[PDB]
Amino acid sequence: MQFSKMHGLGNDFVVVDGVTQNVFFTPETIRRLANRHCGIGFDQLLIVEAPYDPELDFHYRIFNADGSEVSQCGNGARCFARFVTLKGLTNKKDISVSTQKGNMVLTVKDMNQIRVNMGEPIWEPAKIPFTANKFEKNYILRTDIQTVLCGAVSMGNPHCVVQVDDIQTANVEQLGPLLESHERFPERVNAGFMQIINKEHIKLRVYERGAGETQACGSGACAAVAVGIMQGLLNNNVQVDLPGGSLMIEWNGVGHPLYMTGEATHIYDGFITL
């Protein structure tokens, strides 16, 4: 079985062409391959599978180094785009791929960058879901250690954004878990902590629900910029500085989809029996 190693936003992946290969991994296998000393070594592994829908071009499923089939933050979306074109699985500049959570449209820019369409951010409280009387630009959340102000959005997963004085000293370790599993969030939520530098530049740290703080969470970057733009604190087209890397977020208000631009680098190709 042949594969290709790539990386983006501090995370290195192992992409596999499951469209022409009948591959199938089990938690064990993945955990074994994910081993940096006895395996291929990688943070995540995604498989390019055929979409059983004439509407979509491809379908893919990311995997945690643990072997669990994750599905959040739209990770490896650019790696999938770059891989799919490099190996010549398509020739279209615009690709419609689906994941465990809905789907998205990616476009390969001439700048070799990959622009992703995350659709329009959902604000309806009950549609996030988030228990709130009505929509507010600033919801008051109360935690055991303190009451905070935040914004709630939705790309497909629930998102809670909190502004901080300094990204490095943000009590993410304590507050993150507090917000992640809050009662006002029926299905938990992704707690994002962002620090505003300019009206077009912000630093952020996300605490993925059921996972915790990771290298980078695409979705989190989108949500952060959304509330920022809705709050009128950020301009359209904002750069997001995540621990793993940077991202170019674009959005022109309600009635417009939210675009997320980033890049993926191909390192090498490999072959492994079984």
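The first residue of the sequence shown is number 1, and the count goes up from there.
Exercise. For the C-alpha atoms alone, is the average B factor greater in 251-259 or in 11-19, going by the entry?
Worked result: Going by the record's values, the stretch with the higher mean is 251-259.
Problem set entry | Given 71-79 and 150-158, the range whose Cα B-factors average higher in the PDB entry | Mean C-alpha B-factor is greater for 71-79.
Exercise. Which has the highest CA B-factor per the PDB entry: 246, 44, 214, 219?
Worked result: Among 246, 44, 214, 219, the PDB entry lists the largest C-alpha B-factor for 214.
Exercise. Among 49, 28, 57, 241, which residue carries the highest C-alpha B-factor recorded in the PDB entry?
Worked result: The record points to 28.
For this session: Sort the modelled residues of this chain by their C-alpha B factor and say whether residue 227 lands in the lowest, middle or highest third.
Result: CA B-factor rank for residue 227: lowest third.
For this session: Sort the modelled residues of this chain by their C-alpha B factor and say whether residue 33 lands in the lowest, middle or highest third.
Result: Residue 33: CA B-factor falls in the lowest third of its chain.
Exercise. If you rank every modelled residue in this chain by C-alpha B factor, which third holds residue 106: lowest, middle or highest?
Worked result: Its C-alpha B-factor, which the entry lists for residue 106, ranks in the middle third among residues of this chain.
For this session: Among all modelled residues of this chain, ranked by Cα B factor, put residue 65 in the bottom, middle or top third, i.e. lowest, middle or highest.
Result: It falls in the top third of the chain.
Exercise. Going by the entry, which third of its chain does the Cα temperature factor of residue 129 land in?
Worked result: For residue 129, the deposited C-alpha B-factor lands in the middle third.
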